[PDB]
């Protein structure tokens, strides 16, 4: 049960969009193309009905009114599919490529060995509880301490990231790094765990088209790591083109083949706040844990 895509496109054109436009005060000043409407449906909603669709159309109209405040214009400003991220932010869903779409409680990390690099996904669940923490996937002691440092940083910054103020005694956290049997260790997934934990707690989905590596200090400083070449090659080979790396590793980028560096967008960071701002979509997509 629900509307077909055709029905959603039509009800948006005929009812939802004109309603949201007029309620935003923008009637006659902005429009959306058919392709824009379909992109909103496909990449910004996931539902049987159209409540979400209507909310997204309202966001577009209100963002239009913001542009109007910056400066008026004559005639119709037409929003096409290519314009949608300007109004709605980073796509929330990617039905054609689901594995790299944003997800609540996950983050894409990078590991290395003497023979090369490996992508690893950090998974975190936040469930009703009492402040317990589980750390699984055969994690070594250094990596476990890294998770603890990330969690403490978040406990000290609940306001900044929109985390529940009482999660420390009403939520249990579980950090898991598949695959289950393979030992893993080291401090370089500090920012990756901070991202996944913050996502799980806030219910804001983390982008999965970005891979990252960096040690985190307790106060949130991003510290240099090893295996830059191997990790970035592994990302590139897996079709990830957006990277987060510590600022103190900038010198190691010279070691990549120019062709690989060419197809990578690298964000250098000094503070974990920069990571969380880049990785976490602004709006929660699931109800609160408790």
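Residue numbers count along the first chain shown, from 1.
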Review point. Per the PDB record, is the mean Cα temperature factor higher over 207 to 215 or over 95 to 103?
Key: 95 to 103
Check your understanding: On average, which has the higher Cα B-factor in the deposited entry, 218 to 226 or 261 to 269?
Key -> 261 to 269
Exercise for review: Using the temperature factors in the entry, find which of 41, 60, 238, 35 has the highest value at its Cα atom.
Suggested key: 238
Revision key, fill the gap. Entry record, C-alpha B-factors for 185, 74, 172, 145; the maximum is at 74
Exercise for review: Classify residue 165 as lowest, middle or highest third according to the C-alpha B-factor given in the PDB entry, relative to its own chain.
Suggested key: highest
Practice item. Check where residue 115 lands among this chain's C-alpha B-factors and tell me if it's the lowest, middle or highest third. Key: highest
Check your understanding: So where's residue 234 on the chain's Cα temperature factor ranking, which third?
Key -> highest
Check your understanding: By the record's CA B-factor, is residue 26 among the lowest, middle or highest third of residues in the chain?
Key -> middle
Point to revise | CA B-factor ranking of residue 159, expressed as a third of its chain | key: highest
